[PDB]
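Have a look at run-v1.cif below; it lists mmCIF, C-alpha atoms and all ligand atoms.
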```cif
data_start
#
loop_
_atom_site.group_PDB
_atom_site.id
_atom_site.type_symbol
_atom_site.label_atom_id
_atom_site.label_comp_id
_atom_site.auth_asym_id
_atom_site.auth_seq_id
_atom_site.Cartn_x
_atom_site.Cartn_y
_atom_site.Cartn_z
ATOM 1 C CA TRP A 2 42.600 15.091 1.878
ATOM 2 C CA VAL A 3 39.571 16.300 3.853
ATOM 3 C CA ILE A 4 37.248 15.746 6.777
ATOM 4 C CA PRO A 5 34.076 13.681 6.043
ATOM 5 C CA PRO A 6 30.605 14.706 7.186
ATOM 6 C CA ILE A 7 28.483 13.184 9.879
ATOM 7 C CA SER A 8 25.339 11.141 9.309
ATOM 8 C CA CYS A 9 23.549 9.211 11.950
ATOM 9 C CA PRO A 10 20.982 6.457 11.070
ATOM 10 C CA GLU A 11 17.467 7.371 12.323
ATOM 11 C CA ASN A 12 15.390 5.340 14.759
ATOM 12 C CA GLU A 13 18.458 3.799 16.535
ATOM 13 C CA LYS A 14 18.177 1.578 19.649
ATOM 14 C CA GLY A 15 21.121 -0.001 21.528
ATOM 15 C CA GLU A 16 22.107 2.221 24.444
ATOM 16 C CA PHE A 17 22.112 5.995 24.582
ATOM 17 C CA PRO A 18 24.085 8.108 24.454
ATOM 18 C CA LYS A 19 26.435 7.212 21.675
ATOM 19 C CA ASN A 20 29.691 8.672 20.420
ATOM 20 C CA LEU A 21 29.701 10.503 17.117
ATOM 21 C CA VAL A 22 33.171 11.949 16.419
ATOM 22 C CA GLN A 23 35.870 13.562 18.589
ATOM 23 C CA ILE A 24 36.709 17.263 18.938
ATOM 24 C CA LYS A 25 40.108 19.036 19.584
ATOM 25 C CA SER A 26 42.210 22.213 20.064
ATOM 26 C CA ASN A 27 46.049 22.402 20.297
ATOM 27 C CA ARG A 28 45.650 24.193 23.703
ATOM 28 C CA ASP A 29 45.516 20.697 25.005
ATOM 29 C CA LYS A 30 48.816 20.940 26.846
ATOM 30 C CA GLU A 31 49.021 24.682 26.726
ATOM 31 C CA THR A 32 46.090 25.137 29.139
ATOM 32 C CA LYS A 33 42.874 23.316 30.122
ATOM 33 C CA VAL A 34 39.970 23.452 27.717
ATOM 34 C CA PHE A 35 36.305 22.840 28.042
ATOM 35 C CA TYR A 36 34.242 21.985 24.882
ATOM 36 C CA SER A 37 30.644 22.960 24.430
ATOM 37 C CA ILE A 38 28.003 23.061 21.589
ATOM 38 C CA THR A 39 25.383 25.485 20.289
ATOM 39 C CA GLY A 40 22.407 25.051 17.996
ATOM 40 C CA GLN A 41 18.989 23.290 17.740
ATOM 41 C CA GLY A 42 19.328 19.710 18.881
ATOM 42 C CA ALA A 43 22.122 20.860 21.115
ATOM 43 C CA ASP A 44 21.442 23.965 23.161
ATOM 44 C CA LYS A 45 18.150 24.577 21.572
ATOM 45 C CA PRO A 46 14.807 23.014 20.590
ATOM 46 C CA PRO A 47 15.094 20.132 20.371
ATOM 47 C CA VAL A 48 16.971 20.421 23.677
ATOM 48 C CA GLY A 49 20.154 18.598 23.997
ATOM 49 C CA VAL A 50 19.526 15.688 21.766
ATOM 50 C CA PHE A 51 23.198 16.052 21.225
ATOM 51 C CA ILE A 52 25.804 16.497 24.030
ATOM 52 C CA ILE A 53 29.623 16.743 24.209
ATOM 53 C CA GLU A 54 31.875 15.570 26.931
ATOM 54 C CA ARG A 55 33.432 18.873 28.135
ATOM 55 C CA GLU A 56 36.663 17.120 28.967
ATOM 56 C CA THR A 57 37.044 14.766 26.021
ATOM 57 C CA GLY A 58 35.220 16.596 23.306
ATOM 58 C CA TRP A 59 33.441 13.478 22.250
ATOM 59 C CA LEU A 60 30.289 14.402 20.373
ATOM 60 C CA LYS A 61 27.168 12.528 21.338
ATOM 61 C CA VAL A 62 23.546 11.662 20.586
ATOM 62 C CA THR A 63 21.367 10.952 23.593
ATOM 63 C CA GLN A 64 18.545 9.316 21.689
ATOM 64 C CA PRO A 65 17.031 8.318 18.366
ATOM 65 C CA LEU A 66 16.181 10.604 15.479
ATOM 66 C CA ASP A 67 13.561 11.215 12.745
ATOM 67 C CA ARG A 68 14.740 12.185 9.232
ATOM 68 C CA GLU A 69 11.197 13.163 8.672
ATOM 69 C CA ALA A 70 11.286 15.564 11.548
ATOM 70 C CA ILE A 71 14.730 16.930 10.836
ATOM 71 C CA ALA A 72 17.086 15.188 8.358
ATOM 72 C CA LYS A 73 19.992 17.487 8.963
ATOM 73 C CA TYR A 74 21.105 19.095 12.211
ATOM 74 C CA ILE A 75 23.534 22.021 12.267
ATOM 75 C CA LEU A 76 25.880 22.047 15.255
ATOM 76 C CA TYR A 77 28.464 24.546 16.518
ATOM 77 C CA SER A 78 31.356 23.701 18.898
ATOM 78 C CA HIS A 79 33.305 26.002 21.258
ATOM 79 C CA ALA A 80 36.525 25.803 23.258
ATOM 80 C CA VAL A 81 37.063 27.657 26.506
ATOM 81 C CA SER A 82 39.864 27.865 29.006
ATOM 82 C CA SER A 83 39.242 26.970 32.593
ATOM 83 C CA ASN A 84 39.061 30.767 33.248
ATOM 84 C CA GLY A 85 36.406 31.735 30.613
ATOM 85 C CA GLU A 86 38.349 32.584 27.403
ATOM 86 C CA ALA A 87 37.408 31.183 24.004
ATOM 87 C CA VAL A 88 40.563 29.771 22.600
ATOM 88 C CA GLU A 89 39.188 28.538 19.298
ATOM 89 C CA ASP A 90 36.825 30.137 16.908
ATOM 90 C CA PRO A 91 33.378 28.605 17.014
ATOM 91 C CA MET A 92 33.617 25.710 14.619
ATOM 92 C CA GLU A 93 30.707 24.258 12.710
ATOM 93 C CA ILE A 94 29.743 20.563 12.554
ATOM 94 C CA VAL A 95 27.008 19.086 10.384
ATOM 95 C CA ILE A 96 24.949 15.999 11.342
ATOM 96 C CA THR A 97 22.847 14.012 8.872
ATOM 97 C CA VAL A 98 20.100 11.710 9.651
ATOM 98 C CA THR A 99 20.054 8.848 7.116
ATOM 99 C CA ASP A 100 16.666 7.318 6.476
ATOM 100 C CA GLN A 101 14.818 4.250 7.165
ATOM 101 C CA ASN A 102 11.444 3.033 5.861
ATOM 102 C CA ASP A 103 8.784 3.604 8.383
ATOM 103 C CA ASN A 104 6.225 5.478 6.330
ATOM 104 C CA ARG A 105 3.128 3.840 4.726
ATOM 105 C CA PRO A 106 2.626 5.520 1.421
ATOM 106 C CA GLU A 107 -0.483 7.514 1.329
ATOM 107 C CA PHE A 108 -2.961 7.620 -1.500
ATOM 108 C CA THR A 109 -3.695 11.343 -1.698
ATOM 109 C CA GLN A 110 -7.295 10.188 -1.392
ATOM 110 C CA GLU A 111 -9.470 7.283 -0.531
ATOM 111 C CA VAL A 112 -12.027 7.670 -3.210
ATOM 112 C CA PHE A 113 -10.765 8.634 -6.722
ATOM 113 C CA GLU A 114 -13.797 9.207 -8.870
ATOM 114 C CA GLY A 115 -13.207 8.494 -12.638
ATOM 115 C CA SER A 116 -14.948 7.986 -16.046
ATOM 116 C CA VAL A 117 -14.733 5.922 -19.288
ATOM 117 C CA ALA A 118 -16.658 5.671 -22.460
ATOM 118 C CA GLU A 119 -18.162 2.699 -23.865
ATOM 119 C CA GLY A 120 -16.624 2.812 -27.260
ATOM 120 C CA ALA A 121 -13.278 2.971 -25.762
ATOM 121 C CA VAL A 122 -10.491 0.978 -27.128
ATOM 122 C CA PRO A 123 -8.076 -1.200 -25.268
ATOM 123 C CA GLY A 124 -5.458 1.320 -24.472
ATOM 124 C CA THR A 125 -7.621 4.283 -23.556
ATOM 125 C CA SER A 126 -6.559 5.973 -20.452
ATOM 126 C CA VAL A 127 -9.373 6.394 -18.031
ATOM 127 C CA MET A 128 -7.934 7.993 -14.994
ATOM 128 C CA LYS A 129 -5.141 8.005 -12.477
ATOM 129 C CA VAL A 130 -4.782 7.165 -8.846
ATOM 130 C CA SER A 131 -2.093 9.018 -6.915
ATOM 131 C CA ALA A 132 0.046 8.678 -3.608
ATOM 132 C CA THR A 133 2.808 10.176 -1.584
ATOM 133 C CA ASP A 134 5.757 8.910 0.491
ATOM 134 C CA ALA A 135 7.858 10.835 2.874
ATOM 135 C CA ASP A 136 10.811 8.481 3.387
ATOM 136 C CA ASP A 137 14.111 9.554 1.482
ATOM 137 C CA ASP A 138 12.713 9.583 -1.916
ATOM 138 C CA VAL A 139 16.005 10.900 -3.013
ATOM 139 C CA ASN A 140 18.699 8.474 -1.861
ATOM 140 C CA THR A 141 16.693 5.280 -1.251
ATOM 141 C CA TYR A 142 13.977 3.411 -2.872
ATOM 142 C CA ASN A 143 12.221 3.689 0.426
ATOM 143 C CA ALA A 144 9.770 6.174 -1.261
ATOM 144 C CA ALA A 145 9.510 4.357 -4.454
ATOM 145 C CA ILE A 146 5.794 3.625 -4.956
ATOM 146 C CA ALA A 147 4.506 0.878 -7.283
ATOM 147 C CA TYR A 148 0.821 0.604 -8.067
ATOM 148 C CA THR A 149 -1.491 -2.356 -8.816
ATOM 149 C CA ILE A 150 -5.164 -3.157 -8.613
ATOM 150 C CA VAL A 151 -6.431 -5.495 -6.034
ATOM 151 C CA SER A 152 -10.007 -6.229 -6.691
ATOM 152 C CA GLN A 153 -12.307 -5.119 -9.462
ATOM 153 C CA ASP A 154 -16.045 -5.235 -8.902
ATOM 154 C CA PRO A 155 -18.274 -6.428 -10.582
ATOM 155 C CA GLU A 156 -16.003 -8.832 -12.223
ATOM 156 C CA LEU A 157 -18.065 -8.789 -15.401
ATOM 157 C CA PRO A 158 -17.975 -9.083 -18.259
ATOM 158 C CA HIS A 159 -14.546 -10.122 -17.277
ATOM 159 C CA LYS A 160 -12.204 -10.350 -14.317
ATOM 160 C CA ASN A 161 -9.587 -7.634 -15.083
ATOM 161 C CA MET A 162 -11.257 -4.887 -17.081
ATOM 162 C CA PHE A 163 -8.994 -2.040 -16.415
ATOM 163 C CA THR A 164 -5.162 -2.100 -15.662
ATOM 164 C CA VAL A 165 -2.793 0.356 -13.994
ATOM 165 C CA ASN A 166 0.620 1.661 -14.873
ATOM 166 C CA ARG A 167 2.624 0.708 -11.943
ATOM 167 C CA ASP A 168 5.108 3.450 -12.176
ATOM 168 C CA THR A 169 2.502 6.342 -12.587
ATOM 169 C CA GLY A 170 -0.759 5.049 -11.352
ATOM 170 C CA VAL A 171 -2.944 5.555 -14.408
ATOM 171 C CA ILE A 172 -5.797 3.285 -15.216
ATOM 172 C CA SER A 173 -6.530 2.323 -18.883
ATOM 173 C CA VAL A 174 -9.129 -0.083 -20.309
ATOM 174 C CA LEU A 175 -7.417 -3.503 -20.602
ATOM 175 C CA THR A 176 -9.856 -5.420 -22.848
ATOM 176 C CA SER A 177 -13.226 -4.706 -24.395
ATOM 177 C CA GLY A 178 -16.707 -5.223 -22.977
ATOM 178 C CA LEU A 179 -17.469 -2.226 -20.986
ATOM 179 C CA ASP A 180 -21.185 -1.974 -21.530
ATOM 180 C CA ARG A 181 -22.721 0.922 -19.719
ATOM 181 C CA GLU A 182 -25.993 -0.763 -20.131
ATOM 182 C CA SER A 183 -25.577 -3.542 -17.651
ATOM 183 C CA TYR A 184 -22.508 -2.461 -15.662
ATOM 184 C CA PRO A 185 -22.947 1.307 -15.216
ATOM 185 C CA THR A 186 -20.034 1.867 -12.720
ATOM 186 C CA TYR A 187 -17.141 -0.074 -11.461
ATOM 187 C CA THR A 188 -15.341 -0.123 -8.201
ATOM 188 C CA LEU A 189 -11.610 -0.633 -8.402
ATOM 189 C CA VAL A 190 -9.375 -1.288 -5.357
ATOM 190 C CA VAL A 191 -5.929 0.198 -6.060
ATOM 191 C CA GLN A 192 -2.963 -0.421 -3.852
ATOM 192 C CA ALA A 193 0.151 1.625 -3.566
ATOM 193 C CA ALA A 194 3.147 -0.247 -2.137
ATOM 194 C CA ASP A 195 6.554 1.386 -1.715
ATOM 195 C CA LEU A 196 9.913 -0.019 -2.136
ATOM 196 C CA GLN A 197 8.967 -0.673 -5.682
ATOM 197 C CA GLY A 198 6.141 -2.882 -4.487
ATOM 198 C CA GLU A 199 7.906 -4.892 -1.800
ATOM 199 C CA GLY A 200 7.337 -2.870 1.444
ATOM 200 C CA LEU A 201 4.763 -0.754 3.213
ATOM 201 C CA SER A 202 1.349 -0.419 1.627
ATOM 202 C CA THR A 203 -2.152 1.357 1.718
ATOM 203 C CA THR A 204 -5.409 1.190 -0.396
ATOM 204 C CA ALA A 205 -8.161 3.190 -1.890
ATOM 205 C CA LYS A 206 -10.949 3.002 -4.319
ATOM 206 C CA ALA A 207 -11.660 3.970 -7.858
ATOM 207 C CA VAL A 208 -15.192 4.499 -9.322
ATOM 208 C CA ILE A 209 -15.054 4.278 -13.079
ATOM 209 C CA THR A 210 -18.513 5.222 -14.447
ATOM 210 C CA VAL A 211 -18.916 3.851 -17.959
ATOM 211 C CA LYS A 212 -20.250 6.460 -20.460
ATOM 212 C CA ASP A 213 -22.363 6.305 -23.618
HETATM 213 CA CA CA B 301 11.162 8.688 11.312
HETATM 214 CA CA CA B 302 7.923 4.047 3.114
HETATM 215 CA CA CA B 303 11.741 7.562 6.916
#
```

As structure tokens, please, write out the structure in this file.
Ligand SMILES: [Ca+2]
Ligand SMILES: [Ca+2]
Ligand SMILES: [Ca+2]
Amino acid sequence: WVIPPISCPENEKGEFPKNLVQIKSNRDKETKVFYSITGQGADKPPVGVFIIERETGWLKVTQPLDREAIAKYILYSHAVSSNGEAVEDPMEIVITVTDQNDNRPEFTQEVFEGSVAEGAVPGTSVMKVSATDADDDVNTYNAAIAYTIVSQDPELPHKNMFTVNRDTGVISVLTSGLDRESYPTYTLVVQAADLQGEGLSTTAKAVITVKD
């Protein structure tokens, strides 16, 4: 069997500090030992965001974390006898910051210029609007963006001219009518909303200039 790793849920509240796991060294009864820790987040920037009870070897986190700032922390423990002799070899402990969804997805832009041709046939791909999300796009949907249009303008010759692939944010003519003659440009309001379209959201525009 083996020892499992250590992950600590970001943005935690309750009271601080909090007990991660517990450290040891068989020189428990043989002498007196004092545990300490080295690394960033311990004895380096960020300064002591992690501490260990010298007499119990109880790891600790004296505040909340940001998986966007640092998702993983690497921490090293040491054992010393009351007299100043390392009894154990510096052991390494790894601490993972799980994620939570506190990031509004961000359209890479606010104004995505675009262009379509009159002929165009219902299916023609006109352009694409694109966004980013920094929450754990790898082990949570928390960075799963889902696109939709909010308001087209002018709404002629029909409400709902173009449409947008949710999954990839591409706009394609949805029905016919585009007539450069009377509606030369169009102003689409796209909306990216993470969590597969059930969480944080943002918006930007799309200017589809109909061509001859
Ligand atoms: Ca965060
Ligand atoms: Ca998010
Ligand atoms: Ca996050």

Could you write out as a PDB file with C-alpha atoms, in the frame of the given file the residues that the PyMOL selection byres (((chain A and resi 112) around 7) and not hetatm) matches in the shown file?
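expr-v9.pdb was written with the following content:
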```
ATOM      1  CA  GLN A 110      -7.295  10.188  -1.392  1.00  0.00           C
ATOM      2  CA  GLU A 111      -9.470   7.283  -0.531  1.00  0.00           C
ATOM      3  CA  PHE A 113     -10.765   8.634  -6.722  1.00  0.00           C
ATOM      4  CA  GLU A 114     -13.797   9.207  -8.870  1.00  0.00           C
ATOM      5  CA  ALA A 205      -8.161   3.190  -1.890  1.00  0.00           C
ATOM      6  CA  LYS A 206     -10.949   3.002  -4.319  1.00  0.00           C
ATOM      7  CA  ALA A 207     -11.660   3.970  -7.858  1.00  0.00           C
TER       8      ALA A 207
END
```

Given the PyMOL selection byres (((not hetatm)) within 10 of (chain B and resi 303)), the residues it picks as a list in words = residues 11, 12, 67, 68, 69, 70, 72, 98, 99, 100, 101, 102, 103, 104, 105, 134, 135, 136, 137, 138, 141, 143 and 144 of chain A

Go ahead and save the residues from that selection, with C-alpha atoms, as a CSV table (one decimal), in the frame of the given file.
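As a result, selection.csv now contains:
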```csv
chain,number,residue,atom,x,y,z
A,11,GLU,CA,17.5,7.4,12.3
A,12,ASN,CA,15.4,5.3,14.8
A,67,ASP,CA,13.6,11.2,12.7
A,68,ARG,CA,14.7,12.2,9.2
A,69,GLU,CA,11.2,13.2,8.7
A,70,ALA,CA,11.3,15.6,11.5
A,72,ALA,CA,17.1,15.2,8.4
A,98,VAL,CA,20.1,11.7,9.7
A,99,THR,CA,20.1,8.8,7.1
A,100,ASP,CA,16.7,7.3,6.5
A,101,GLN,CA,14.8,4.2,7.2
A,102,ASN,CA,11.4,3.0,5.9
A,103,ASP,CA,8.8,3.6,8.4
A,104,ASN,CA,6.2,5.5,6.3
A,105,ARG,CA,3.1,3.8,4.7
A,134,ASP,CA,5.8,8.9,0.5
A,135,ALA,CA,7.9,10.8,2.9
A,136,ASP,CA,10.8,8.5,3.4
A,137,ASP,CA,14.1,9.6,1.5
A,138,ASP,CA,12.7,9.6,-1.9
A,141,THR,CA,16.7,5.3,-1.3
A,143,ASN,CA,12.2,3.7,0.4
A,144,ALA,CA,9.8,6.2,-1.3
```

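For the structure in this document, the set picked by the PyMOL selection byres (((chain A and resi 185) around 6) and not hetatm) is residues 181, 184, 186, 210 and 211 of chain A.
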
key: A:30, A:107, A:7, A:14 ranked by distance to residue 75 (chain A), top pick (using only C-alpha atoms)   = A:7

task = List the residues sitting within 12 Å of (-16.1, 3.2, -25.8) in the file's frame, using only C-alpha atoms, as a ChimeraX atom specification.
result = /A:116-127,173-174,176-181,210-213
